[PDB]
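Enquirer: got a sequence here, can you model it:
(4 chains, ligands or ions: 12)
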Amino acid sequence: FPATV
Amino acid sequence: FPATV
Amino acid sequence: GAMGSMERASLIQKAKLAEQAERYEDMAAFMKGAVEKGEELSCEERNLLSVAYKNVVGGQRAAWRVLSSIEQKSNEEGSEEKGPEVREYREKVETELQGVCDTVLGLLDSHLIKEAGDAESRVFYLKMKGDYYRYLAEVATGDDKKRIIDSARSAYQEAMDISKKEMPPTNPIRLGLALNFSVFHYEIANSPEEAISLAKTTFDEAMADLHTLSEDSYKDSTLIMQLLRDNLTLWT
Amino acid sequence: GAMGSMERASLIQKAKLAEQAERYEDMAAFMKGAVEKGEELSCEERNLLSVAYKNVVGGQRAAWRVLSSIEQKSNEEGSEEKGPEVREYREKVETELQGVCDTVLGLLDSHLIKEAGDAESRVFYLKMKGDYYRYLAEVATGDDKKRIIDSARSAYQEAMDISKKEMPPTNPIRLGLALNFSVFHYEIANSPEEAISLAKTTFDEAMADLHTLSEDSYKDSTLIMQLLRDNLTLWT
Ligand SMILES: [Ca+2]
Ligand SMILES: [Ca+2]
Ligand SMILES: [Ca+2]
Ligand SMILES: [Ca+2]
Ligand SMILES: [Ca+2]
Ligand SMILES: [Ca+2]
Ligand SMILES: [Ca+2]
Ligand SMILES: [Ca+2]
Ligand SMILES: [Cl-]
Ligand SMILES: [Cl-]
Ligand SMILES: [Mg+2]
Ligand SMILES: [Mg+2]
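Expert: Numbers count the residues shown, from 1 in each chain, chains lettered A, B, ... in the order given. Ligands and ions are numbered 1, 2, ... in the order given. Sure, structure below:
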């Protein structure tokens, strides 16, 4: 999965 | 801490 | 509210303790209580709120994905019929996740966003609104799926418009917003080209502004820039 | 019971799904429902029950220790007065932990232990009884502390007596019981010499019986033997 903050 | 199961 | 009798300052103190103890459900409940006191939140307090709910919903999302994968496998050719239990339990977790999202969106609507006038607060809250609609979109399969997606998009877009007008390109909130909206494009809106374009433009405009920053601000901004780069590497 | 309307087999299936999803609170609730159906538990089912509650209470214990350490530091000389919040929140976590322990002890008393006639089931349940009294003892500071400690000791001792009579020295339940009772001696009963003696004798008697085992049984037994060795290394 891609990075989120 | 020591090991327990 | 179960936290109605506790002092605002005590709720904030206990949220910090809950974070140290990795008790994120408690942390979220304390911060919900603090929001419901009706006063605006400081920077630090906004970040306590976001950390708490991010961790709670993050755990629910991870669980939902495990169960969804099992369910998908059960509906393949040659899979033995195991009854309604996988679907039921996936639905249980899904409903709890939707409940948490609705709780967060409710706090934002009543009344965090409407009282947030400074760019740093307003963008932060609109980013959260986009994020929690995005999490609803991840599990949506019904008549409202398009509307949920559009609600995420709309919140992100308002946040983006303010952030571009009011914040420097290295601002961490602006960067994190762009990171997440880029992921929205890739994972939710079936728009990988928009995702890649946004991540690249954001990275490059931030790179060009790093020279203005202190060492500490530089560290903060470059951490999020690396996440943009990581996504770009994943996607290209 | 909230699980009263769900089939036993469905509860067991969902406990396994909850384990895969790392949803241990759910796993424990499903297994409590299964126990309350009133039928005895198989080996596999007993281990689902123990895994679920071990993970729940393990998280509570870790949180309690964090908060207790903070509280202790607050009561040192030169520490600024921060009000009742640390104590209150430690107490909240403590009460929830005690509740989980009481729940498990309640299942054992009503009626798992009394129906368990085979050594493998009876020892397993008596070990659990010792463990959950031990967890109560970790947080006990009152008039009943000695009685709680003695309740742990008594359960462990009955389990030990059966295990020595009825199981080989390499049996994993027997080994795990001895490991944990040794820790009881060291950490709860202020008896480090008894702890060390028990761990050493258990290890050595198991070593001497390994020759009787299959490859798979050998693997199982040696894993727990290594934990005995690890504790001995910590303590000597
Ligand atoms: Ca009130
Ligand atoms: Ca007040
Ligand atoms: Ca305002
Ligand atoms: Ca500005
Ligand atoms: Ca019933
Ligand atoms: Ca039935
Ligand atoms: Ca029986
Ligand atoms: Ca035997
Ligand atoms: Cl369910
Ligand atoms: Cl509290
Ligand atoms: Mg649903
Ligand atoms: Mg107490």
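Enquirer: following element in sequence after the helix ranked longest in chain C, please.
Expert: Looking only at chain C and at elements set by DSSP state H, the helix with the highest residue count is helix C:43-74. Counting by DSSP states H and E, the element after helix C:43-74 in chain order, helix or strand, is helix C:85-107.
Enquirer: wait, does the longest helix of chain C make contact with ligand 9?
Expert: No. Helix C:43-74 is not in contact with ligand 9 by CB under 5 Å from the ion; minimum separation 10.1 Å. (C-beta placed from N, C-alpha, C; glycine too.)
Enquirer: now that helix: buried residues?
Expert: C:45-46, C:48-57, C:59-61, C:63-68, C:70 (16 or more other CB atoms under 10 Å in any protein chain shown).
Enquirer: list the contacts of the residue nearest the centre of chain C.
Expert: Residue closest to the average C-alpha location in chain C (CA atoms, centre = their mean): residue C:131, at 3.6 Å. Counting by CB atoms under 8 Å, 6 or more residues apart in numbering or on different chains, residue C:131 makes contact with A:4, C:152, C:180.
Enquirer: need those residues in JSON lines (columns: secondary structure, distance to ligand 3 and neighbour count).
Expert: Shown next, in JSON lines, are the contacts of residue C:131 (DSSP: H, G, I helix; E, B strand; the rest coil; distance: CB to the ion, whole Å; neighbours: other CB atoms under 10 Å in any protein chain shown):
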{"residue": "A:4", "secondary structure": "coil", "distance to ligand 3": "27", "neighbour count": "18"}
{"residue": "C:152", "secondary structure": "helix", "distance to ligand 3": "24", "neighbour count": "23"}
{"residue": "C:180", "secondary structure": "helix", "distance to ligand 3": "24", "neighbour count": "23"}
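Enquirer: contact residues of chain C facing chain D?
Expert: Taking CB under 8 Å from any CB of the partner chain, the part of chain C that reaches chain D is made up of C:10, C:13-14, C:17-18, C:20-23, C:26, C:62-63, C:66-67, C:70, C:82-83, C:85-86, C:88-89, C:92-93.
Enquirer: list buried residues within those residues.
Expert: By neighbour count, with 16+ other CB under 10 Å, the residues of chain C next to chain D hold C:10, C:13-14, C:17-18, C:21, C:23, C:26, C:63, C:66-67, C:70, C:85-86, C:89, C:92-93 as buried.
Enquirer: and residue C:161, what element?
Expert: Per DSSP H and E: helix C:145-166 holds residue C:161.
Enquirer: quick one: distance of that helix to the chain centre.
Expert: Here helix C:145-166 shows a centroid-to-chain-centroid distance of 13 Å under the convention CA atoms, centre = their mean, to the nearest Å.
Enquirer: and stretch C:141-153, by the same measure?
Expert: Its chain's average C-alpha position is 16 Å from that of stretch C:141-153, according to CA atoms, centre = their mean.
Enquirer: which residues touch that stretch?
Expert: The contact list for stretch C:141-153 (CB under 8 Å, 6+ apart) reads C:129, C:130, C:131, C:133, C:134, C:136, C:137, C:140, C:184, C:188, C:189.
Enquirer: residues of it that come out buried?
Expert: Residues of stretch C:141-153 classed as buried by neighbour count (16+ other CB under 10 Å): C:148, C:149, C:151, C:152, C:153.
Enquirer: and stretch C:159-177, by the same measure?
Expert: The neighbour-count check on stretch C:159-177 (16+ other CB under 10 Å) flags C:159-160, C:162-163, C:167, C:169-177 as buried.
Enquirer: and which of the residues you listed is nearest residue D:226?
Expert: Checking the buried residues of stretch C:159-177 against residue D:226 by CB to CB gives residue C:176 as the nearest, at 44.5 Å.
Enquirer: ok, and the closest non-adjacent residue to the closest one?
Expert: Using CB to CB, 6 or more residues apart in numbering or on different chains and skipping residues adjacent in sequence, the residue nearest residue C:176 is residue A:5, 4.3 Å away.
Enquirer: in this structure that neighbour contacts residue C:226, no?
Expert: No. Here residue A:5 does not reach residue C:226: they are 11.4 Å apart, not a contact under CB atoms under 8 Å.
Enquirer: quick one, which of these two is more surrounded?
Expert: Using other CB atoms under 10 Å in any protein chain shown, the more surrounded residue of residue A:5 and residue C:226 is residue A:5, with 17 against 12.
Enquirer: tell me who's in contact with residue C:86.
Expert: By CB under 8 Å, 6+ apart, residue C:86 lies in contact with C:67, C:70, C:71, C:74, D:17.
Enquirer: now do the closest residue in space to the second one that isn't next to it in sequence against ligand 9, distance only.
Expert: What it means is residue C:70. Spatial nearest neighbour of residue C:70, chain neighbours left out: residue C:86 (5.6 Å); criterion: CB to CB, 6+ apart. The spacing between residue C:86 and ligand 9, counted by CB to the ion, to the nearest Å, is 10 Å.
Enquirer: what separates residue C:30 from residue D:67, distance-wise?
Expert: Distance of residue C:30 to residue D:67, given as CB to CB, to the nearest Å: 14 Å.
Enquirer: in chain C, what residue is nearest ligand 10?
Expert: Ligand 10 sits closest to residue C:14 of chain C, with a gap of 5.7 Å, by CB to the ion.
Enquirer: within range of chain A, give me the residues from chain C.
Expert: Residues of chain C that fall close to chain A, judged by CB under 8 Å from any CB: C:131, C:176, C:179-180, C:183, C:186-187, C:224, C:227, C:230-231, C:234-235.
Enquirer: now list the buried members of the residues you listed.
Expert: For those, a neighbour count by 16+ other CB under 10 Å gives the buried set as C:131, C:176, C:179, C:180, C:183, C:186, C:187, C:224, C:227, C:231.
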